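Visitor: Pasting a structure here, questions to come.
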Amino acid sequence: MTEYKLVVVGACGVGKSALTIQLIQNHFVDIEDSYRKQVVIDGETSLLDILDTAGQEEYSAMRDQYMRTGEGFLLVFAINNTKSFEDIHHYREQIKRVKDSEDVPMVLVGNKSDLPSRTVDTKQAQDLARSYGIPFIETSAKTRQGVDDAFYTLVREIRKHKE
Amino acid sequence: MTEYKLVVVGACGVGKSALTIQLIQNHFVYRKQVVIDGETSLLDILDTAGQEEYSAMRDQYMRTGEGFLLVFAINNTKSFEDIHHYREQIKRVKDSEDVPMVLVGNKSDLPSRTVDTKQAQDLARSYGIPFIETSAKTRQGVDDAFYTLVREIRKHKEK
Amino acid sequence: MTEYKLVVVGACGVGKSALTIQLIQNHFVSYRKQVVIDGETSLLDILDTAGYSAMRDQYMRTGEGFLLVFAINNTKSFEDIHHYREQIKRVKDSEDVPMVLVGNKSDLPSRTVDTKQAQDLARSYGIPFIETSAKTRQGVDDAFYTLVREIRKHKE
Ligand SMILES: Nc1nc2c(ncn2[C@@H]2O[C@H](COP(=O)(O)OP(=O)(O)O)[C@@H](O)[C@H]2O)c(=O)[nH]1
Ligand SMILES: Nc1nc2c(ncn2[C@@H]2O[C@H](COP(=O)(O)OP(=O)(O)O)[C@@H](O)[C@H]2O)c(=O)[nH]1
Ligand SMILES: Nc1nc2c(ncn2[C@@H]2O[C@H](COP(=O)(O)OP(=O)(O)O)[C@@H](O)[C@H]2O)c(=O)[nH]1
Ligand SMILES: *CCS(=O)(=O)NC1CCN(C(=O)CNc2cc(I)c(Cl)cc2OC)CC1
Ligand SMILES: *CCS(=O)(=O)NC1CCN(C(=O)CNc2cc(I)c(Cl)cc2OC)CC1
């Protein structure tokens, strides 16, 4: 069966685990960092294998393995965390180095879109995604806004790369 | 608040009018304010009645519209076969290879299906657009089809 | 059979005659037409004023309901609606006159009077607003039937 190895990267606290729980287990509570589930996306059955990582957790060799084999990456920031948005370039540069490629499937995700506290403008994030040549999706793990779209868009980006 | 000009296309009798009436009036026998992904918007579904038969008028509607529902009926093989030509005509007339569109397989309530979900999904996957199965009769998929189209138009505007 | 006396008013060129002929004869270029409205056979007498104080006063006083027609591509015709409304209320000597606001030519691309503007004016007057195209027939029966409904509410 087709498998997609996905890695969700971003600063601590941006909602990577919440987003992944919402996708996989369909709920939110306001915790596992790996997940595996069979889904159907655009009529194609596949298994999603997902790691959530900020880059400084304990199991660094495991993380390096997942980084090297990851077929697509969600770059997650929170709309109420300017530092998390500033960290996105670092995470993208690290992915490109480990993958040794300038063409790695990625999607930019602005999470916590339900909150009224915003310090990152949607235009700023759109502009950054445009410069990187990747999709930008606004999400809320709390309301489910954009969640399926973020992960399924990343799967579609991987398919583009494979074909 | 942002307005989105939407056009429903597809073969005669596939249920374009019925989908529009279900969306706006919540009934099975052209403007609606809705909140999609936290943003309140106005949907303006262009009223093509009494003028749909004129190619010149379809051209005008295609030029005006920001996004398109490509509607076939799941019990009408020909209507599904006609989708590609309609999509090609919209691209030509709008002089664009990037026009927001959603594929819609209507009349999902019927027993007599001749277009399978896989054929339609395969089509949509090749186009890189969403596919939604609807029924204007039971309301299945109707808000989802229109709301999804608005999401496709927003993506295109923000590229 | 209950008879209703309907008067179609509005600026020159807005489609008063075209609306009335579509209603009566069902094609796109007083008249009488028998219709069934809300289950009830209804004789409609319709004066198209497309063609003087004495004349005005008679048909305004005799008329039971009024279609206030503007064209959606004719800002002046929309501005003129207040002239017509005020004159009818003055001559009839009534603050409760059955009326419907009609925005015709909905088939056109060139709209300079927005739907919201017209809805807001009709809300101010406490009357319905109906968009029509005498060309495609969209809305035509609705505009006239709504007016009959307004006359019945007044009569009850
Ligand atoms: N309002 C809101 N809170 C969220 C959302 N996503 C995550 N959270 C909360 O933010 C905190 C951090 O989330 P978590 O998933 O642990 O972040 P991670 O370190 O990136 O995995 C938790 O208290 C979550 O409930 C969201 O979309 N909206
Ligand atoms: N069973 C069923 N009938 C439908 C549905 N949608 C439309 N119809 C019927 O299909 C016929 C054509 O619909 P219409 O809206 O006039 O199609 P249009 O020509 O595409 O606008 C009418 O008899 C509708 O009542 C649907 O979802 N289910
Ligand atoms: N496009 C369009 N033209 C119309 C419509 N109604 C009337 N017309 C045209 O507008 C012009 C004036 O119409 P007419 O009925 O004579 O206006 P009147 O003076 O108010 O009676 C004519 O050329 C009509 O054919 C309509 O709904 N759409
Ligand atoms: C029901 C028969 S009809 O002749 O009244 N209407 C036909 C006209 C031809 N047709 C289509 O072109 C369907 N696709 C379509 C509809 C519209 I409205 C627009 Cl703007 C564009 C397209 O295709 C690009 C079927 C219905
Ligand atoms: C271009 C057409 S015209 O030369 O014949 N002049 C028009 C101008 C618009 N018009 C009216 O406003 C008629 N007013 C009117 C007549 C009657 I009879 C009644 Cl009951 C009411 C009104 O307006 C309140 C007609 C001719």
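Sequential numbering from 1, following the chain as shown.
So this one's X-ray crystallography, 1.4 Å, going by the header.
Keep in mind that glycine also has a Cβ here, set from the backbone N, Cα and C atoms.
So Swiss-Prot lists these for the protein:
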type    : residues : note
MOD_RES : B:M1     : N-acetylmethionine
MOD_RES : B:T2     : N-acetylthreonine
MOD_RES : B:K94    : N6-acetyllysine
Visitor: By the DSSP assignment reduced to helix, strand and coil, which category contains B:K94 (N6-acetyllysine)?
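Guide: Where B:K94 (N6-acetyllysine) sits, the three-state DSSP reduction gives helix.
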Visitor: Can you give the distance in Å from the Cα of B:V29 to the Cα of B:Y30, which flank 10 unmodelled residues?
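Guide: Cα to Cα across the gap: 16 Å.
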Visitor: Please report the Cα separation of B:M1 (N-acetylmethionine) and the residue listed as 'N6-acetyllysine' in Å, rounded to an integer.
Guide: 25
Visitor: Round to a whole number and give the Cα-to-Cα distance in Å for the pair B:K94 (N6-acetyllysine) and B:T2 (N-acetylthreonine).
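Guide: Computed Cα spacing between B:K94 (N6-acetyllysine) and B:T2 (N-acetylthreonine) is 21 Å.
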Visitor: Would you mind listing, in sequence order, the residues at least six apart from B:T2 (N-acetylthreonine) in the same chain with a Cβ closer than 8 Å to its Cβ?
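Guide: Same-chain residues close to B:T2 (N-acetylthreonine) (Cβ under 8 Å, separated by 6 or more) are B:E39, B:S41, B:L42.
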Visitor: Through the lens of DSSP with three states only, how would you label B:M1 (N-acetylmethionine)?
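Guide: SS state of B:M1 (N-acetylmethionine) = coil.
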Visitor: When a 10 Å sphere is centred on the Cβ of the residue listed as 'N6-acetyllysine', how many other Cβ atoms does it contain?
Guide: 17
